[PDB]
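Inside the fold
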Amino acid sequence: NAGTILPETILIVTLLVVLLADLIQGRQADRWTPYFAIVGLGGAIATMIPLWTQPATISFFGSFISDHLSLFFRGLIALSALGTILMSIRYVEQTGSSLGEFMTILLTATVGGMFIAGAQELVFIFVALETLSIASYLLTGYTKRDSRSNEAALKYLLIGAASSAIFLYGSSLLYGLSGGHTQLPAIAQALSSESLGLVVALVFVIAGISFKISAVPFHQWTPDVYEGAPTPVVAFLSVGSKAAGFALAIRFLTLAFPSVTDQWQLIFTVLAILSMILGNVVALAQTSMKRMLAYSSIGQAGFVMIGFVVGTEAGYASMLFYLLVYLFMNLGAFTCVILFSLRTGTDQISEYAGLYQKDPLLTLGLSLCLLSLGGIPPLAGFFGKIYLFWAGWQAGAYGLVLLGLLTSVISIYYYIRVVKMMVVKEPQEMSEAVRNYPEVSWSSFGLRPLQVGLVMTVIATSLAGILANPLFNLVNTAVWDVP
Amino acid sequence: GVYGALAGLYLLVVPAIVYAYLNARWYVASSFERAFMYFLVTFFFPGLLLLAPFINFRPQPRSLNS
Amino acid sequence: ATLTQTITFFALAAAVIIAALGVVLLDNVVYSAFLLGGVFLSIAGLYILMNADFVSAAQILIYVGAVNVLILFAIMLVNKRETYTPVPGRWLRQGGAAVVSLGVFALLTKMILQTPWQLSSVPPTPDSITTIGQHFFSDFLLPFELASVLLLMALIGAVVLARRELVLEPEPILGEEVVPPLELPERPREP
Amino acid sequence: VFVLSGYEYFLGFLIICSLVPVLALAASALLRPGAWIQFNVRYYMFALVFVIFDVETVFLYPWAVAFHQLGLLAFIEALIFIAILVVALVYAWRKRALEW
Amino acid sequence: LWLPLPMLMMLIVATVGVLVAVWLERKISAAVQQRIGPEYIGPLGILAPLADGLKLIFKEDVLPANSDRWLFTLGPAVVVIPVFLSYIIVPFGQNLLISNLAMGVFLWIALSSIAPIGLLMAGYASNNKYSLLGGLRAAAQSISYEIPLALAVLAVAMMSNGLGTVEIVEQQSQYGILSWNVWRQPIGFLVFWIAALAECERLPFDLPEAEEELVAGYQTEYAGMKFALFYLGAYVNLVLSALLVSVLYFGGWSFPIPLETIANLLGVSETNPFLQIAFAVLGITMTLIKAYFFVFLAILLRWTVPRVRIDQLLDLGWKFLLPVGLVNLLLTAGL
Amino acid sequence: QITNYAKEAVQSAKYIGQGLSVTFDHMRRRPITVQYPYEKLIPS
Amino acid sequence: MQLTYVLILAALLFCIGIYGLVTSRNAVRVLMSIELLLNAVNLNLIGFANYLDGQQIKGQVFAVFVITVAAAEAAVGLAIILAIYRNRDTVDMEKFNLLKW
Amino acid sequence: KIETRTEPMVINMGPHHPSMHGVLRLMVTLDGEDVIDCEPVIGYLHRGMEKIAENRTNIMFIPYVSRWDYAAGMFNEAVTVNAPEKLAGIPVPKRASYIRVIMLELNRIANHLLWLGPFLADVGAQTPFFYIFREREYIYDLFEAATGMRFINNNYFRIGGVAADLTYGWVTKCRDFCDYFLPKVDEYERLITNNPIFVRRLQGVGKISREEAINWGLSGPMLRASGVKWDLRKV
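First things first, this report covers the structure right here in the doc. Each chain carries its own residue count, running from 1 in the order of its written sequence; this scheme can depart from the entry numbering, and residues that have no coordinates do not appear. For naming, the first written chain is A and the first written ligand is 1, with later ones following in the order written. Note that these chains sit within a larger assembly, yet all values were taken from the shown part only. Calculation of side-chain values draws on the structure's entire complement of heavy atoms; hydrogens and water are dropped beforehand. Residues with missing side-chain atoms are left out of burial classes, side-chain pairs and their counts.

**Thoughts on the overall build of chain C**
- Along chain C, the regular secondary structure elements total 7 helices and 0 strands.
- Its helices and strands taken in sequence order, chain C reads α-α-α-α-α-α-α from the N to the C terminus.
- Its C-alpha atoms give chain C a radius of gyration of 24 Å, more than 25% over the compact-globule value 16 Å for 191 residues.
- Taken over the C-alpha atoms alone, chain C extends approximately 75 × 50 × 35 Å along its principal axes.
- At a minimum sequence separation of 6, the contacts of chain C that also span at least 24 residues come to 46%. Numbering of helices and strands runs from the N terminus, with a helix taken as a DSSP run of H or I at least four residues long and a strand as a DSSP run of E at least two residues long. Both definitions apply: the radius of gyration is a C-alpha atom measure, and the globule rule equals 2.2 Å times residues to the power 0.38. In what follows, residue pairs with any heavy atoms lying within 4.5 Å of each other are defined as contacts.

**A word on the packing of helix α7 (residues 149–177) of chain A against helix α3 (residues 59–87) of chain G**
- Inter-axis angles, ranging from 0 to 180 degrees, are taken between N-to-C directions of lines fitted to C-alpha atoms, where helices are fitted over the stretch in contact. Where α7 of chain A meets α3 of chain G, the closest approach of the two axes is 10 Å, and the angle between their N-to-C directions is 170 degrees. With respect to each other, α7 of chain A and α3 of chain G are oriented roughly antiparallel. Contacts between α7 of chain A and α3 of chain G pair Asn150, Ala153, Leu154, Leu157, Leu168, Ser171 and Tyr175 of chain A from the former with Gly59, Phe62, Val66, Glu73, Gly77, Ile80, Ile81, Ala83, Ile84 and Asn87 of chain G from the latter.
- Residue type decides the class: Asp, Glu, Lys and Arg count as charged, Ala, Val, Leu, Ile, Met, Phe, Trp, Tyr, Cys and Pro as nonpolar, and the leftover types, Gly among them, as polar. A per-class count over the contact of α7 of chain A with α3 of chain G returns 11 nonpolar, 5 polar and 1 charged. Should an angle fall under 35 degrees it is taken as roughly parallel, and over 145 as roughly antiparallel, whereas 65 to 115 is taken as roughly perpendicular and any remaining angle as oblique.

**Brief notes about the sheet that holds strand β4 (residues 34–40) of chain H**
Residue and element names in this part refer to chain H.
- Strands pair, by our definition, only if DSSP identifies at least two bridges between them. Here we have 3 strands laid out as an open sheet, ordered β2-β3-β4, and antiparallel in their pairing. Strands at the two margins of the open sheet, each flanked by one partner only, are β2 (9–12) and β4. In this sheet, neighbouring strand axes are inclined to one another by 20 degrees on average, regardless of whether the strands run parallel or antiparallel.
- Two strands pair when backbone bridges link them, and strand β3 (residues 26–31) and β4 are joined in this way by 6 bridges, in the antiparallel orientation. In the strand pairing of β4, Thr29 is matched with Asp37.

**Some remarks on the nonpolar core**
- In this structure, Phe73, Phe252 and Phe257 of chain A, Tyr44 of chain D together with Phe106 and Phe192 of chain E are the most contacted members of the largest nonpolar core, which totals 509 residues.
- Sort the elements by how many residues they give to this core and helix α16 (residues 313–343) of chain A lands first, with 23 residues.
- Among all residues touching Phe192 of chain E, those that are not within four sequence positions of it are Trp108, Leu149, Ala152, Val153, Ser241, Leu244, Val245, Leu248 and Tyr249 of chain E.
- Core analysis: the second largest hydrophobic core is formed by 34 residues, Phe61, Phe75, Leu142 and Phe198 of chain H among them. Working definition of a nonpolar core: buried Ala, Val, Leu, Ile, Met, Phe, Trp, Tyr and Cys residues. They are joined through side-chain atoms within 4.5 Å. The cut-offs for exposure are 20% and 50% of the maximum accessible area for each residue type, with area from a 1.4 Å probe on protein chains only; residues under the lower value are buried, those over the upper are exposed, and the others partly exposed.

**So, the pairing of β3 of chain H**
- When β2 of chain H meets β3 of chain H, the two strands line up antiparallel, connected through 4 bridges. Paired with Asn12 of chain H across the two strands is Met27 of chain H, which belongs to β3 of chain H.

**Re unusual backbone geometry**
Residue and element names in this part refer to chain A.
- Between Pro377 and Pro378 the backbone carries a cis peptide bond, its omega angle lying at 5 degrees.
- Among the structural elements, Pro378 can be located in the loop between α17 (360–374) and α18 (380–392).
- At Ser214, a residue that is not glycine, the phi angle is positive and equals roughly 55 degrees.
- Along the chain, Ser214 turns up in the loop between α10 (206–212) and α11 (222–225).
- Despite not being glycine, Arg435 shows a phi value in the positive range, around 50 degrees.
- In this fold, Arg435 is placed in the loop between α19 (400–423) and α20 (447–462).

Remember that the coordinates give geometry; whether it matters functionally is a separate question.
Right, here's the structure in full:
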């Protein structure tokens, strides 16, 4: 029955081959070992297309399901680590770190998140959440001599292992309210009473579900992890470690708690009406680009919950598609921050000022991924937000879309401010790259994976809204397996 | 545990035989007798520990015939 | 013969909560770290009282014998004899944590008592090393194979974050603009 | 209910062997009259490889006891657990972790 | 006050078992240097374990100057309580067992893991520089030889279909000497025997400091009754580890029909009163004939090998005894 | 591999076997020792 | 001892771990105070397995995986403190507030 | 109380020093595993020997002299009586000249047998320590016959030769010993030359070249193991 975890066991083989080549060959292997992880992750995507037409089996004695939604969220998490290896092939190879030991942790957090999206038992959720979270503490402090990644490794551990203890306390009561029954469909037939034990079991699990996605009372690690961590890790913790948290929020709250359902549509409303506020107004007074993109992803996590709390077939399909186009924006925004940080140091805003005549592939690249996050037409993040507010307006929720619109205008102001300080600043107002840009080459080690990692996202940013009718049918067909 | 029948066979009467055996053939015993000699002490040790300060192995006084 | 299972419960339940206050409130951290074995042994005493003979024998091995030895090495490595005792650092935010911890405790006790549990009067543990091992290879198989992937990653990561950089500490590898060795290239700068 | 058999003598023997030091140190109590260790990270590194391998041993003890009542498919599956954690062992030798 | 009869009869044979192993150390190690050994006390040295331990009581067990007080005293009481609790496993005799725990060769490896903390809270608390260097080294030696020793017991638990130490030695009682586990596990026994010797014996231990990497080890600042627990508590584990060799691999209380000639390590005639008590106590204790061969071996193996340094002591446990411990477990399985 | 650890160890598993029987054959010899209060040694 | 008295023991063992998670000033005492939380979710878990679903223990299997995660989270967890101590030569959680705003 | 700092750790080797070569004090300092500095504090056994010798006659000084090289003994009495017998021109009888050579070569055998005991214990094997003092008591009882003491304090060398001639059953008692001991020199050579652990403790350990071992001022089997072949008996 183990043909359904075949996308992950191509990554577990690939986890060992890119590790064993590090011990055998030893940093002469980094010339070829990043391209084997690409054909392992791409080989993991390529074998779900035989599995997409399969009739959604429940394998491994009820501990793992292979439904249509579990095939979808296993696609984005492998694709985000596909986009990260395209960035990190020069970045961490420029730090002086061994490149084989970085990918062995990153392709373990990838297999962690692929096993959350299809998990069905209370123990397999927790272990798969742990191996994504344990590998995420090691990546954020991986540079190990920075005095910023050291203090960002520890801020993520004393909250992550804390919230993995709150999450276990809600998993344990959920085993205790039912008479045993650690599987998630076996739970929901056993508890229906909506007592006080079920509510404490509900808030304690969405203190760990809504920590990966950084809802705003639990958002505190994200702006302090994201400016300390190495930047390709940040590119995975904003797309991969959020699609993994948004996949758990649908596999848990629609399976374990369908009896209590007016409450986790009300708690996630207060996480939605408050992460759109504090994600967007606090990103105004941020100087660093890696800290501006930190408060964006808190606020961009607030737009996804608008499709979550409404509870319709167009509701969940609107939050699946918005993550599908959010992968084409943060991996094209963080590609350009990396590409700017490798050429010159201190990649912060008010040092981008004076571009557009020195590296105009970056400036055209970074603009269409920052403008689309603010939702201007015709890019992907305009068509992504329209289907949110078409989903919010369909069934109640007249005030959730309106808060998602007055704060979609404040989001315009801090994305434009980078686009202002790239294309409108005259050649008498540039601070760095005052003839200090390195006279661009795209010929060194790993720069050509970065150039193909940016062009295939900017093309996938601008054209994903015009060509959205394939993706709207791929996503609406993944929702009929959600109760 | 037997009260006084089989206990005295282990504690007293057989370890008193070994102490006669230990005095006679200890330094003049062969390479095979010496390894068997260490086994009876490592087996009757709670017996041989009782009658320990009653027997003294000090050598007999010589006669000075010269 | 049954009251000696109640007296040994409350003598173990008071062995943990006086040691759990010891690992938190005590003024010295080595006396705090050694009492953590008192928590882990006394909790292992409760697992035998709850008919969990294997989970107790697996807890003295890991928590007392491996984790607590890992804690004690990681405290003899950092003493440095510089405590600096700045106790009134900024504010009295150690009383605000005493309200949330007392708040969660009074919250959980109201949940525990009033919730009807469906406790069964059947005899447990038919040799719970045989029915715990027929779970590892039928139902809990994929968490058992992922525990191997988690532990291998936890050895790759914990070695490269704690080992000594005696390979090449002064290594200027390359450059477009300057980057220090084993550091992220975004240099710190204040606007 | 307490359906463990054989633990009646474990609580008595826990107290009596605990009364071996506390009474003998009291039986002796009535009869008697530039400080640096160097921070060398090998005491941590030898103990980390213990925790990863003290947990591997725990996971194989339900397998070893209930082996000859499970079969071959539970031996292929239990070989993946050993063969992966061998790669953890080769990683510790090669990266000079347990060198001392 | 120990109203269990089996629990007092075990505490004596765990007490006289020490004084055998102390006396056997001072006579085997004096035989291999061609000297007498301790004469002049008892008959021929029998009261040398009594009198060496009785003088440790009558000395001023004084502390050093600036030391921790509660961890100095609790130092030896964590080394010796789990090696005294784990005598509850060993079932010497056919008609004797103290407690039939449903595990117990896993409870022994669990309880033997607490002893690195006892070398840590004694090396730290004695509070000089050469006991932290010796305490952190003695703690990092029971760490490395513990995973090989726990995988030797994994193999002999695969063959035995359980962890109950009566059910292990009952699988070797059907053919006497043909079904001892040494003949079926000849490579997992040396893994047990080298690792058990490297956790309690006196060849791979830094306490005699003739090499001067430290001052005198971690038990340098200890005296008196506390030192008697580090000294007469090391042979408690030498006997128990030698007992569990002769319980797991070599069959405890298992042997064929005794009706033989006079060459059976006994007297001369067939049916004497001297062989009926050399049989009936052997029908009570058969294992401490076998268990005092490895104590005889571990003392004799001390003078056979050279003193291997700590740089090559942990290059034996991790790099040799653990990979052999793995491939023995697969070979004990099918593969 | 699986074809080395049972042949790269017999290089010293049999050196102790020719070191054990040497030291065990010191026990067969007569203990050369001069017990003082009972066998005093005659001076020159 | 019934089922209820194990849970109030586990609910009290949790909240001493919370109080150490927030108040403790040593960087290592927060790691020991995390381990108290990962025992209170074990004492809750076996106690839910003895009185509920006693015949097939699904809790004592789930009690095994919590120990192996927390042993792997404290092996990772002390590697981080030992990377900080080589850069910042103290362990003081009121000294790691340099990523302020 | 002890703290764990990142400085080089300095340890004191102690003048207690449980070994058989006297009392040094080495303040050696460690850098993890490799030592980086080491000062010897010596003079713990300075009993004022050059100040004694200004207030003694010669025959009052020969009991004092076998305490400098007290492993040897009469290697030091040879130098003391050779101070005025090589200066006043006192002729030595040739039988005494061949008697001295027997004693000085019996001392060098007893000299290398005291070095070898503690040295083999330092590098490994601990049980050949007791089988080597057993070979040393044969040389003691040979000195005990001719001279009235075992290894030191034997006023045997005089300014005019030697003190007294040998005993009666003496030359046939070397021929027992000095033809029994020579199979055992080839026994101690096979402990270290074979058994490839002890050569993994001595190959390259404490190396010095020829030109620095002559410059530092070295003699005897520290100089001759530096490839110098300077022996003062031939020179």
